[PDB]
Each structure stands twice: as structure tokens, then as C-alpha cells.
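Read through the structure below, which is laid out as C-alpha cells, and then see the notes.
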Amino acid sequence: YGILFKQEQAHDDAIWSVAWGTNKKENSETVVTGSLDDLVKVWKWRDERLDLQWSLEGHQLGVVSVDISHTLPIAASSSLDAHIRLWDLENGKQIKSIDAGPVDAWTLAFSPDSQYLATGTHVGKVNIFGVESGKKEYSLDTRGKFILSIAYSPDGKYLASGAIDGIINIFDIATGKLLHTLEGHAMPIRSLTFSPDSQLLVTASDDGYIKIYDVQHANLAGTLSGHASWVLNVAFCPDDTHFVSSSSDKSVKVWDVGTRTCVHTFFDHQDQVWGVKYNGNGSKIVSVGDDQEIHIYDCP
Amino acid sequence: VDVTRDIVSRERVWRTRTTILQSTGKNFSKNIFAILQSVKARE
Amino acid sequence: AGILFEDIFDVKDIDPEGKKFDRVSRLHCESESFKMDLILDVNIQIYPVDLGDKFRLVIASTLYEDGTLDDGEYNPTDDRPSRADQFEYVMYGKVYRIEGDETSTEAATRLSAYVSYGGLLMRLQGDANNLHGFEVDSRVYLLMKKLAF
Amino acid sequence: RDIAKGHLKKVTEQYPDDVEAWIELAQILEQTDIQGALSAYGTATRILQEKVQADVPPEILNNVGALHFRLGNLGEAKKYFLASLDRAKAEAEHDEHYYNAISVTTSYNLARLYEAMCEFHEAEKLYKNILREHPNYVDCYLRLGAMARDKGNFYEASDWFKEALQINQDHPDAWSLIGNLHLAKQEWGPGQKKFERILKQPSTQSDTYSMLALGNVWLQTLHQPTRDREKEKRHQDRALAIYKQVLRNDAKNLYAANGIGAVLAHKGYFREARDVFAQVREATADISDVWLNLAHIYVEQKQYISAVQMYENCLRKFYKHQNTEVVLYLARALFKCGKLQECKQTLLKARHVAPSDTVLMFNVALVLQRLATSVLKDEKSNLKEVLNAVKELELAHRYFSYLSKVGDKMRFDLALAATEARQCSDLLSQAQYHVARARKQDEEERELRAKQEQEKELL
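Which chain is which? The protein sequence lines are W, X, H and Q, in order.
First residue of the first sequence: 5, per the deposited numbering; consecutive thereafter.
First residue of the second sequence: 218, per the deposited numbering; consecutive thereafter.
First residue of the third sequence: 2, per the deposited numbering; consecutive thereafter.
First residue of the fourth sequence: 394, per the deposited numbering; consecutive thereafter.
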């Protein structure tokens, strides 16, 4: 339980998200990050060292979300420029640019089958664009204030959504219909992700509580006291034994998904951490933030 | 019950709402009300 | 105005290398807002100072509020307003070296004003943003007042 | 207290088998420097073991742990509280000193610490353990609502605070908390005067807290275009009278001068607002309000160099990173190179946390237009920038098209976007004119490099 690699000055501007692979499709070894300096750096974590492989540009505004396709070695990057641009980690070239105009562009959500791309809309709906089409296939008719977070389940059975007022919207990607609407929070939900078994659902609201709800029966499994600041990013260990939590207080707490206890905490970041993600096995925990330093956290 | 008078009689409250309002130093109104009246005289 | 610099400081160490003289000592002070170093040398005899004391140091190019840029001469018979009326320790010197971390391409980010009050030195090391009012070969004052807090 | 301090200074030097002298030393220094009391308890803890093997009573360990609770030694204070609880439990025969009350207060401090130790579950459990044994206690029942209030101001907080007032209406803290409830939604602007005037009876008087709450709620009514109707001037006079009244009876109250400076700034005296705010800053500048009221004066006098740092410092607190109001106050009259392109970076940082605000989406377009007109009117500058300016202008135009459809605005309709559209149109024309200049500079540099290469061939 410590830190292995320490990338100083990973970017010119603050990093807001980090993407790292989990499968063997040339993704777990390459780290894709998106920062506000309009630099989509494709870092290759080769030889247990963070080396730069590609440097993709083109986004007018800073990168808001980065994620790696599960069954595919390509990637994509969105921003607030309403131009969601697809990329390829095999050549460092651009596939296309989905002009999600005029401003309606938010964090990305790669489908586990790597065939659909969910994007938040200012009208409150969740637009589901096609990866190889780019056109608006079908939109979820659940209006409200705005979609602040969207996550796909690893096996593709459910889909949740974080609103500006703590409204979880459990959709069904198998049929495209709203099943449950968990409203256990009143704070703007920052980010969320599905458990490796698609059984638990963590919510990172702005109250400092890690309220882990259930998806099968839409019920709260227990209130976990998180940090003092707002939990920004949250990820599950691929082996499904723990889950890290990124907050706005220079703290990287690794809470236990089973006992609801902090098993270790990092304080190596001088600024707030914005993105946290696991490795393909769950030992290395990559992290980014306003410090503009990528820390690789090893927890054997 | 006696548990109320049992605690409020032995404790000590060094700071409360009003304490937060006054500065811990000595800043009287002689240097404040002077300008407060000067601004009014010019108008 | 003429306020070349204004900031609160606090004493943290006196004569670290051992007090050499008997009336002067080093004051390795630090700031509270701008985060700048200070190596002021005050007359410990007439103006004693201990650790932890805070003071409002204000480098001013002149002692007048209107800023008439006095020529420089001892003229006690003067009824004009003076900024020294609210300071317990004032000095008069002339900065002689402005060192900084300049390079061949990009401008400096941290300067270091070296001023000599007729023998008493003072290094106001810090960022290169608030030291714009310091130019080599120019008269300046100190105007420091200890804070009672 | 001065005579007691002198007497303790006399008993400190000599050693007439002092046992409780340090206890009296620390009992006075709790209000003063918190390290003196800690030193006294440190020595008093070891002085109780030489006469006999007697365990330290829980009251001293409890008070030393309370001293450390305010400090950064949260874990050490936690150990002190746990050991105090263990020791107080051992007092099966100290029914006269009421070991039970000692355990109650120790656990109260321990729950306050857990609430402060990023563990609200244990704090809730401990405060409820106090509730189940003594429902006539107020502070535990009031802190529980604070904990539920973090998640939202409509949960059990608003109910527990009123139940706490209903059990004790003569409790100033509970009633002030009641007034604090209405502050989340300022729709109760004029109506909150009634509920803030409940305990203004002479028996409770004088209460500076409620009077300054009245002054604040009366200041909130300012910043309106109805001042010429002789309405806001009367409001300023009323608030000024309130502040004068709380100044005469308390000259050391900083908030009275804070509000007086606020109104004087509202009266158009910014040259004279710095002097009034100076005393408040020098007394204690570590209050969120002063950093902003002073930064307003600095940003008013064309001093953004002295205003951006004040806005950054207020954000140094561990409560947030990108606040909307601070950045809104950040960009006021920025026109310099380091205050426009970077202003876009801070605007995007702000909009990242909550893009639903219209003012951010309008200010980003305005600064984009400022840069475009700053590179497409008198320039004659680098070429790649002329390539990027058209993209920025297109994005600004798309945002102009999008902003017009929104219903609600910043209490002011944005129908004045037409001039922005005309400005962007003539900017487009100028850009299509200046791209030709870009190409001309391209051929110029090409011929320059050729005429240099020929000379190098000569050599």
C-alpha cells in the first residue's frame, strides 16, 4: 500500500479525468487522460513507467471526460465545445467529431459492447449516440435539471444517471425505459460507477457521504461517511474487493466495499484529485487532479 | 431531571455567539465614529 | 501614494549565525500573505524585538501623503503631514542591487531587493510581481510598526 | 482573574508540595493561549502519581482532550476522550461527583470530534446514545440536525431544530438556528423580520446576534434599481441606525463596522471604504466576508493585480475549489492579455461544476468576442491565430443562438444580444478580410527564407 510512480507536471493545465484500461486489448498498458490544456495525452504505461505514446489535439475547450472502450482499443474524448471527437489509440488519429451542438455535451459513457455512447443533455435527457454512426439514435425521456453523470454497467444490464439535485435515474439499456428513480440525495451527483458484478451502485454526491445503493431492488445498502469535501471520482477494484474515492480535499481514501472502512489513504497530491481509476488487476491506482501530477498507487 | 443541572453547573463555556462578534483586541469606536460623522457632514 | 510595498510580517529567528555586533541583529522574518523573505536589520538597543512579534512593514518612496518627492535632507522644522506619525521605527536608505532569477529567454519570476540603510541591510526576497516599484539607485524608507495583536 | 494569575505566578516558582496548583493554572489559561493550559495539564498529569498510585481522574484527561480537540491533534484528543470514558466508568462509588455527567460530557466532546473526524456515522450513534438516556439535553439534539442538514436543509434538521425550540423556547441558540433555517431560501426577505423579533424582548436583551441578523437581512434588500424612488436610501439609513446602535453598546464588534463599510461602499464612497474596512481587516482578516468586500474596492479602482489574489485566498479554504460568485467577481473590467485568455480558463473551471447558469455562458461568449475583436480588427498578427479566431467566433455565435431561447435570466432579460450578433457579423467580415493578409505574410516569410538560403549558399 503506497505509491509506485510519480509523474510530475503531467500537463500544462489541470487534469479533470483519467482513463485506464482493464482488458488485454492494448488498453490496460496505455493511460488516456484529458486536461484543460486541450492535450489528450495517450500515455503508455510500459516497463512499469508512464511514457507518452500519442499527443492528440483539436478540442477547442478543455477535456471533460476520457474513457477507454471495453472491447476495443480505441478511445474518445468530449468537451464543452459540443464536439465529441472519437480517437484511435492504434494510430493516434481522429475517427470522427460528433458535433453535439449547440452546448449539449457532457461526460462520456462507453457501452460494455462498445456500440453506444451516452452523453448528458442540458434539457435533462440522456442522449445515446452511436459510436460508428454519430447521429442521435434514441434519447431517454427523463427530463429535469441536467445530467451530471452517466455510467454503463460492466455486463450491460442497468444504467444510472446523476442529476443536479441528487436524483439517480436507473434506466434499462436492454429496453430503454426508466425503471427506478432513487432520490436518496439532495446534492449534485458528481460521478458514479457500477460494481464489477452490477449489484452495488456508489454515488459521489456533494455531502461527503458514500451512500452505496442497490440496483436489483433500488434500496440503500448503507450510508458510508466519506471525506469532508465533495467526492469527485469513484471507481471499483476490478477484482471487486475495494473502491477508491476522489474528493476535493487532497485526499485519496480507499474505502472497503464490504466493511465500509478506509483501508488506506494517500496525501501525496498538493491539490485536489479529479480522476481516480484502477489497473487491469487492481494493484495500480492511477490518479490525476489540479496538481497536474499523475500518481500511480500500488496496493498489492 | 437532575442530569441537566448536573452538567450546566460544572462545565465552562469560553466562547459563544457574541464572543465571535467582538475582536479579541481593543478596537473602540473613537477611530470609527469619527469618520462615520465626517462622511455625514460633507453630505 | 508612493507605497512601493505593503505587507505584514512576523519574526521567526534572530541572529542564526550568532549575534556579531551589540546593537544590530538579523531578523529572518517571513510574510503572511505574499510569502516573501525578509532579512531586515533593526537597532535592537533602541527598538527591542522578540520572536513571534508581528509588524506592518511599508516601503514608501516618501513620507508625505500627497507624495511631493522630497529632495532628501534633515529638516525637522516642518509642519507638513508625515506618514511617520503612525510608526515606531522609521529608516532611510537607498536600494543598490535588484537580483532575480532571470534567464536568457523568459523573464524573471522572483526578485531580491537589496537596500542599505546607511549600513543596515535588508533583503526583500519574493515574487517578481510586487517588486515593480524598486529600481536600482533610488531612495526608500521602511515605516515599520509593531502590532499589539 | 489578574489577581489569580499573579497568585499562580507566585505558587509556580516555589515548590511547597504543589499538587493542585497547576490545575488552577490551566483553569484560567483556557480562555488565553491554549498551549499554556496544555502545558499545565501535562505537568499536572504526572504530579498526581508520586504521592500514591492513583489513576488520573477523568475530568482532567477530559479537559486536556477538549483542549486538543480544537487543535490538529484529533487522534490524540480521541485517545484522551476514550481513556476518560474508561476512567469515568470505573467510578462506581463517585455518585456525589456524578461520574455519569462526566461520561456524558466526554462522549459529547467525542461525538463532536467524530463529526469533525469525517465520521458522521459514529457521531450520530454517540449523540443518539446520549439522547436515549437524557432527552432533556439540547446540544446533542441540535448537532444531530446539523449533521442531517449537510445532506439537505429540508431533512430532519428543520424538524429537530424546531422540536428543540419547542422544548426550550428560552434558548437563544435554538431560536437563532430557527432563523438560520430561513436563510437557505431568501424568499422570506421581509417576512423573516417577525421570526427574528420573537426573542427581542427585554429579558433576552441585549442580544447582538439577532440585531446583526436584522442588519444583514435589511442589507440584503439593497442592490436594486429602485433607489431613486427614495426607498433604498431609507433602507440604508435604517441599517446604518441599527449598526450605530450596536456600535454604541459594543465598540469592539467587527460586524457592525463591516456593515457600515458595506453601506458606505453602496453610498459611493470606495475611497473612504478602505479606511473603515481597515480596522476589520486588522482585527481578524480570516473571515470570508472581508476578503471579498476589500477585493471589491480593489477591483473597483482598476487594481485587478490586488484583487485576483484576494479572490484566490478566499478559495484556499477546504470547502470548495470552483465557486461561481468568486469568479463572477473576478472578471469585472479585465482587458489585458493575462486577464482575458486566463479569464476563459477560470470561467470554464467555474462552469465545469455547474453549467446550468446563464451568466457563465454569456461571459464566456463576451470574452471570446473580446479576444476575436482584439486579433481581427487591428491585426496584422500571427496566422494560426487568425485560423483559431474564426472557430472561437463560430462557437460564440452558436452560444448567441442558444442563449436567446432560455426563459429565465439574471433578473434582467438578455434581449440585448442583437448588438453582439451584429458585432460578430462584422467580425466575420473582418476575419475573411484578414485571412488574405495572413496569406500575404505567408508568402513574405517564404521569400525571406529563400533570400536567406541563397546567402547561405554563397557562403
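Virtual Cβ for every residue (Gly too), placed ideally from N, Cα, C.
Residue i in three-state terms, based on DSSP
| i | result |
| --- | --- |
| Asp117 of chain W | coil |
| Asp80 of chain H | coil |
| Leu851 of chain Q | helix |
| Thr227 of chain W | strand |
| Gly582 of chain Q | coil |
| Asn609 of chain Q | helix |
| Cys30 of chain H | strand |
| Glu469 of chain Q | helix |
| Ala108 of chain H | coil |
| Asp801 of chain Q | coil |
| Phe728 of chain Q | coil |
| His268 of chain W | strand |
| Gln734 of chain Q | helix |
| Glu7 of chain H | strand |
| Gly38 of chain W | strand |
| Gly242 of chain X | coil |
| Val68 of chain W | strand |
| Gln559 of chain Q | helix |
| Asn775 of chain Q | coil |
| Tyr492 of chain Q | helix |
| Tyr162 of chain W | coil |
| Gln98 of chain W | strand |
| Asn237 of chain W | strand |
| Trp231 of chain X | coil |
Option nearest residue i by Cα separation, candidates the options
| i | options | result |
| --- | --- | --- |
| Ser34 of chain H | H:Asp16, H:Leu58, H:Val50, H:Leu52 | H:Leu58 |
| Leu76 of chain W | W:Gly279, W:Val135, W:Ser252 | W:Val135 |
| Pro49 of chain H | H:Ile60, H:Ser62, H:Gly68, H:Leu28 | H:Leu28 |
| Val235 of chain W | Q:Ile416, Q:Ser767, Q:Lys737, Q:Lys713 | Q:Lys713 |
| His87 of chain W | W:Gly96, W:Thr111, W:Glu33, W:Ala208 | W:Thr111 |
| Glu33 of chain W | W:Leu56, W:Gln13, W:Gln11 | W:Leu56 |
| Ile495 of chain Q | Q:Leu475, Q:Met510, Q:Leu506, Q:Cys511 | Q:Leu475 |
| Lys833 of chain Q | Q:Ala811, Q:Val779, Q:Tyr792, Q:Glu787 | Q:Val779 |
| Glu718 of chain Q | Q:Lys729, Q:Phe711, Q:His689 | Q:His689 |
| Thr677 of chain Q | X:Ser255, X:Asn244, X:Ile252, X:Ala258 | X:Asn244 |
| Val757 of chain Q | Q:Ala747, Q:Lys742, Q:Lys737 | Q:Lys737 |
Integer Cβ distance of residue i from residue j, believed to fall under 8 angstroms
| i | j | result |
| --- | --- | --- |
| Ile216 of chain W | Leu152 of chain W | Not quite, the Cβ-Cβ distance comes to about 18 angstroms (not below 8 angstroms), so this is no contact. |
| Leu759 of chain Q | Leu820 of chain Q | Their Cβ separation, rounded to whole angstroms, is 13 angstroms, which puts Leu759 of chain Q and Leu820 of chain Q out of contact at 8 angstroms. |
| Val258 of chain W | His268 of chain W | 5 angstroms |
| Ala765 of chain Q | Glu735 of chain Q | Not quite, the Cβ-Cβ distance comes to about 17 angstroms (not below 8 angstroms), so this is no contact. |
| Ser81 of chain W | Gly148 of chain W | Not confirmed; about 26 angstroms, so no contact. |
| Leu144 of chain H | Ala85 of chain H | 7 angstroms |
| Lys645 of chain Q | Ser240 of chain X | 5 angstroms |
| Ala222 of chain W | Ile174 of chain W | 6 angstroms |
is_contact[residue i, chain W] using C-beta, thresh 8 angstroms
| i | result |
| --- | --- |
| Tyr795 of chain Q | yes |
| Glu838 of chain Q | no |
| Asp552 of chain Q | no |
Cutoff 6 angstroms; reference residue i; Cβ partners in own chain excluding five residues on either side
| i | result |
| --- | --- |
| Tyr120 of chain W | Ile132 |
| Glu423 of chain Q | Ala430 |
| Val277 of chain W | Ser250, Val256, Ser291, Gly293 |
| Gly166 of chain W | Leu152, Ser153, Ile193, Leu196 |
| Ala649 of chain Q | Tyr636, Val639, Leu640 |
Own chain, CB closer than 8 angstroms to residue i, minus 5 neighbours either side, in chain order
| i | result |
| --- | --- |
| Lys100 of chain W | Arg89, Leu90, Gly138 |
| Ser599 of chain Q | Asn642 |
| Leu535 of chain Q | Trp553, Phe554, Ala557, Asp566, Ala567, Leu570 |
| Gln407 of chain Q | none |
C-beta neighbour in chain X for residue i, strict 8 angstroms
| i | result |
| --- | --- |
| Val669 of chain Q | yes |
| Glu486 of chain Q | no |
| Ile396 of chain Q | no |
Residue i Cβ short of 7 angstroms to the ligand FMN heavy atom set
| i | result |
| --- | --- |
| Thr766 of chain Q | The ligand FMN is not part of this structure, which contains no ligands at all. |
Close Cβ partners of residue i (< 7 angstroms) along its chain, the five nearest in sequence each way excluded
| i | result |
| --- | --- |
| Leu723 of chain Q | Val701, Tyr704, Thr739 |
| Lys140 of chain W | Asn131, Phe133 |
CB contact check: residue i to chain Q, cutoff 8 angstroms
| i | result |
| --- | --- |
| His74 of chain W | no |
| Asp92 of chain W | no |
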